[PDB]
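K.L.:
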Amino acid sequence: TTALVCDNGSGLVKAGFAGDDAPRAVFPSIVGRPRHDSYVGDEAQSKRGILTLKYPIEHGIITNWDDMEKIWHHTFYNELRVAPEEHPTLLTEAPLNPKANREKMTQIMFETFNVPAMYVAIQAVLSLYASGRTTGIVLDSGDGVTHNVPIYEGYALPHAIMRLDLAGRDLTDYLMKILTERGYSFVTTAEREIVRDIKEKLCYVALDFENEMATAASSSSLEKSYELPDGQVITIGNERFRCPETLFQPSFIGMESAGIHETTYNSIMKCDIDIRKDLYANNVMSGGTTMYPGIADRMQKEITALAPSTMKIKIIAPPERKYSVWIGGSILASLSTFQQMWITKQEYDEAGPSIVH
Amino acid sequence: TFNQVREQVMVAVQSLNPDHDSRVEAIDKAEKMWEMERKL
Ligand SMILES: Nc1ncnc2c1ncn2[C@@H]1O[C@H](COP(=O)(O)OP(=O)(O)OP(=O)(O)O)[C@@H](O)[C@H]1O
Ligand SMILES: [Ca+2]
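Protein chains in written order, with the UniProt record's numbering: chain A, 7 to 42, 53 to 373; chain B, 700 to 739.
Rendered as structure tokens:
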């Protein structure tokens with residue numbers, strides 16, 4: 007019997023089957039619920065006037081265990097089209113996930129869905145597994161939160177884990193903020209989803225910011241026009257790289273927190289001095305926020321500056337790194353060596369939700 | 700006996716060579732057909 011793997015992201019839930027190289031279903035982690053029953057995903061956002069939506073996952077952490085229960089319900093029965101009673105499921109948790117959540121996670125899976133066996137795996141760790149490693153630091157930047165997760169021989173180093181409350185939402189929000197004064201009113205929830213599309217197609221990161229800012233102020237070689245549902249076509253200049261620049265400069269949106277290139281450096285410097293070289297030489301990038309073109313070489317430049325001048329700094333960033341965390345799960349579950357690491361239901365009834373640690 | 704089984708699963712992922720385009724092609728096919736469910 008083939009297994010199921012379901013990555014529960016803050017913004018989007020990615021789910022499919024163990025063995026596949028790509029997830030099968032991708033939909034927003036959103037539950038809408040009128041005061042009359054309750055809709056999930058793109059259904060829910062289609063009716064913002066009738067419904068009131070709630071993201072059950074905030075910053076990688078599950079906060080709504082009833083709305084989450086119906087997200088998992090929607091995943092199995094609607095999107096995947098499969099009875100969870102006959103297939104083991106691998107779920108993903110955020111780094112530093114409370115043991116309480118994990119015990120709820122298993123409890124729901126076995127009692128509500130009657131899953132035959134299960135396992136939870138840290139999101140960032142699966143990203144590392146996808147690139148065929150067990151050692152290296154992972155930059156997992158997604159929709160809600162950005163993490164720096166040092167991993168050594170499978171386990172993460174929690175004390176060394178850096179986190180940045182800045183992601184796809186903040187970027188899409190800052191893109192609105194900068195496009196608004198060039199002349200262009202983008203302020204409502206409808207106009208946001210096209211600004212998000214602006215972000216995902218025409219935004220890159222600069223290698224040298226100030227240099228690129230000077231190039232734009234002189235010519236329009238970096239010009240880009242868009243097209244709002246309604247037939248207008250636009251010009252966006254320096255906005256293309258000033259948007260993802262906030263990832264390296266949180267100062268842009270009034271954050272005194274450090275950029276993702278410094279949080280990477282800091283995260284490694286707190287690890288054991290044994291490992292630091294292996295971390296420098298295995299900097300894997302994961303998540304959809306890392307999908308900006310040129311972000312590897314910008315990270316390459318910024319880390320070589322901070323790190324010891326002689327140090328080997330390799331930055332892995334696959335083209336599939338948007339679903340990197342899921343593919344790691346798809347791999348791990350299909351590995352024939354992993355099936356004894358499954359947590360069977362025959363045990364959960366014998367030990368309880370506490371079993372999953 | 701856990702650490703034993705837990706290393707066996709790590710040598711498996713260590714001895715793994717990722718095929719980035721059988722992935723990126725399977726990603727771009729699945730993405731293509733999601734994007735098609737937009738009839739109206
Ligand atoms: N080419 C792209 N360029 C920039 N951003 C992109 C791109 N593709 C997708 N995204 C953005 O990355 C986010 C979705 O990626 P991801 O699935 O990793 O988020 P998530 O896992 O749901 O949230 P989190 O990791 O915080 O729990 C979105 O904010 C999306 O707008
Ligand atoms: Ca994620």
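Beta carbons: idealized from backbone N, C-alpha and C, even for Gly.
What are the residues of the region 130 to 162 of chain A that lie near chain B, defined by any Cβ-Cβ distance shorter than 8 Å?
P.N.:
So the list reads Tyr145, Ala146, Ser147, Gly148, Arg149 and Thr150, given in the order they occur along the chain.
K.L.:
Which residues neighbour ligand 1 when neighbourhood means a C-beta less than 5 Å away from any of its non-hydrogen atoms? List them by chain order.
P.N.:
Going along the chain, the residues that qualify are A:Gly15, A:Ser16, A:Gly17, A:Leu18, A:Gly76, A:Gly158, A:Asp159, A:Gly160, A:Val161, A:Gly184, A:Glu216, A:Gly303, A:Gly304, A:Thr305 and A:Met307.
K.L.:
Out of A:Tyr171, A:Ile210, A:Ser346 and A:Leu155, which has the shortest C-alpha to C-alpha gap to residue 52 of chain A?
P.N.:
Coordinates for residue 52 of chain A are simply not present: the residues of chain A run from 42 and resume at 53.
K.L.:
Give the C-beta separation of A:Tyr168 and A:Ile343 to the nearest angstrom, bearing in mind that I take them to be a contact with Cβ-Cβ under 8 Å.
P.N.:
With 8 Å as the limit, A:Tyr168 and A:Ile343 do not qualify as a contact, their Cβ atoms being about 21 Å apart.
K.L.:
Does the beta carbon of A:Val165 sit closer than 8 Å to a beta carbon anywhere in chain B?
P.N.:
With 8 Å as the cut-off, A:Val165 does not count as an interface residue toward chain B.
K.L.:
Examine ligand 2 and report whether any of its heavy atoms sits within less than 7 Å of the Cβ of A:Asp181.
P.N.:
Incorrect: A:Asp181 has no Cβ contact closer than 7 Å to ligand 2.
K.L.:
Assuming B:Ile726 and A:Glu336 form a contact by the criterion Cβ under 8 Å, report the distance between their Cβ atoms to the nearest whole angstrom.
P.N.:
Rounded, the Cβ-Cβ distance is 5 Å, consistent with contact.
K.L.:
Mind pulling the alpha helix (DSSP H) runs of 4 or more residues that sit fully within the region 250 to 284 of chain A?
P.N.:
Fully enclosed alpha helix (DSSP H) runs of 4 or longer: 255 to 258.
K.L.:
If the cut-off is 9 Å on Cβ atoms, which residues from the region 708 to 721 of chain B count as contacting chain A, listed in chain order?
P.N.:
Result list: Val708, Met709, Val710, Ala711, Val712, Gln713, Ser714, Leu715, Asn716, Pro717, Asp718, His719, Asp720 and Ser721.
K.L.:
For a test of your reading of the model: does the CB of A:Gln265 fall under 7 Å from any non-hydrogen atom of ligand 2? Yes or no.
P.N.:
Not under cutoff, so the answer is no.
K.L.:
Looking at the secondary structure, which residues open and close the alpha helix (DSSP H) in which A:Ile194 lies?
P.N.:
Segment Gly184 to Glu197, the alpha helix (DSSP H) holding A:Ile194.
K.L.:
Using DSSP bridges, identify the partner residues of A:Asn164.
P.N.:
In the DSSP output, where bridge partners are listed per residue, A:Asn164 has A:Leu155 and A:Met178.
K.L.:
Does the beta carbon of A:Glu169 come closer than 8 Å to any beta carbon on chain B?
P.N.:
Interface residue, yes.
K.L.:
For A:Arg179, count neighbouring Cβ atoms within 10 angstroms of its own Cβ and tell me buried if that reaches 16, exposed if not.
P.N.:
Under this definition A:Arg179 is a buried residue.
K.L.:
Evaluate A:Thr79 with the Cβ neighbour count: other Cβ atoms within 10 Å of its Cβ, from every protein chain shown; 16 or more gives buried, anything less gives exposed.
P.N.:
Classification of A:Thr79: exposed, given that the 10 Å Cβ count is below 16.
K.L.:
Going by DSSP in three states, A:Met357 sits in which element: helix, strand or coil?
P.N.:
Three-state DSSP puts A:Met357 in coil, outside helix and strand.
K.L.:
Name, please, each residue of chain B whose Cβ falls closer than 8 Å to the Cβ of A:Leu351.
P.N.:
The contacting residues are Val708, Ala711 and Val712.
K.L.:
If you measure between the beta carbons of A:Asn14 and A:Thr122, is that distance less than 8 Å?
P.N.:
Taking 8 Å as the Cβ cut-off, A:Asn14 and A:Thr122 do not qualify as a contacting pair.
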